[PDB]
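Per the authors' numbering, numbering through the sequence shown is continuous, rising by one, with the last residue being 479.
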Amino acid sequence: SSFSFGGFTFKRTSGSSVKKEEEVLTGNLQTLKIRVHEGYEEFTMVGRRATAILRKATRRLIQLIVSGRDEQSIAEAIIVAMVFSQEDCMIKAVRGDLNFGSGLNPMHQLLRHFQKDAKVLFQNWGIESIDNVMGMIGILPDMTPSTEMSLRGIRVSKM
Numbered sequence: 321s322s323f324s325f326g327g328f329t330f331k332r333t334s335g336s337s338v339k340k341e342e343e344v345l346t347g348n349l350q351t352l353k354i355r356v357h358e359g360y361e362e363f364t365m366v367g368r369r370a371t372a373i374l375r376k377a378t379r380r381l382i383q384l385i386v387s388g389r390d391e392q393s394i395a396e397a398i399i400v401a402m403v404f405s406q407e408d409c410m411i412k413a414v415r416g417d418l419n420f421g422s423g424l425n426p427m428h429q430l431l432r433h434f435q436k437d438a439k440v441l442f443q444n445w446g447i448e449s450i451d452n453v454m455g456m457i458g459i460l461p462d463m464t465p466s467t468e469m470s471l472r473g474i475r476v477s478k479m
C-alpha cells in the first residue's frame, strides 16, 4: 500500500498487484529471479527532490508524469520508474554482469546499474510524438526538453 523504492515513497492510489517469481534474462544473458508485480496499479512517487505519478500494468509502464527541482532530480525519478516497471526493454538494456550482494535483491541490482549510467536504458526505451498539454513538456533520451516528442509514456510537469 505504501513502500520505498530507489529513494521514493510509493503510495498506491488505485489498483492492486500480486507478486510472482519469474526468471528473466538480462542484456548480458544473466538470469535474475525477480518478483514480478502482476496487475494494474496507479502510484504517487514522492522523493525529496521530485514527485511523480505512475500508471503501470504487468511489466508495462503506461504513464509517468515527473515534477522535479532540476534535471538530475527528474532523471533520477525516471530511472526509478523505468526499473520499477520491470519492462523487458529495461532488462535488456543491462550491459555487463550485475554483482550479487547481501542487502541487494535483483530489483536493487538493476536500479544501481542504471543509476550508474542510464544512456543505454534511455536509448532503448522508445520515443513518441506528443500533444500540447498545458503545463507539460516532453523529455528526450538525452534528458533535454521537447514540446514535440518524448520518451514513451513519460512527460515532465513544468511546475
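C-beta: ideal position from N, C-alpha, C; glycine also.
Item to check | Residues of its chain near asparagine 444, where Cβ-Cβ distance is below 6 Å and the 5 sequence neighbours each way are ignored | outcome: Counting from one through the sequence shown, the residue named residue 444 turns up at place 124. Cβ within range, chain order: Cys409, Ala413.
Item to check | Contact under 8 Å by Cβ, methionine 365 with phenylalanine 328 | outcome: The sequence position of residue 365 within the sequence shown is 45, counting from 1. The sequence position of residue 328 within the sequence shown is 8, counting from 1. Going by C-beta atoms, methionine 365 is nearer than 8 Å to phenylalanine 328.
Item to check | For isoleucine 474, the residue or residues it bridges with in DSSP | outcome: Numbered from 1 along the sequence shown, position 154 holds the residue referred to as residue 474. Looking at the DSSP assignment, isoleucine 474 forms a beta bridge with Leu384.
Checklist entry - Which residue or residues does DSSP assign as beta-bridge partners of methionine 456? => result Indexing the sequence shown from 1 puts residue 456 at position 136. For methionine 456, which the question treats as bridged, DSSP gives the partners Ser477.
Checklist entry - On the three-pair Cβ rule with 8 Å, is the region 393 to 403 touching the region 321 to 337? => result yes
Checklist entry - In chain order, which beta strand (DSSP E) runs of at least 3 residues are fully inside the region 331 to 405? => result 338 to 345, 351 to 358, 361 to 366, 370 to 377, 380 to 388
Checklist entry - DSSP state of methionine 463, grouped into three classes? => result The residue given as residue 463 occupies position 143 in the sequence shown. DSSP places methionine 463 in coil when its eight states are reduced to three.
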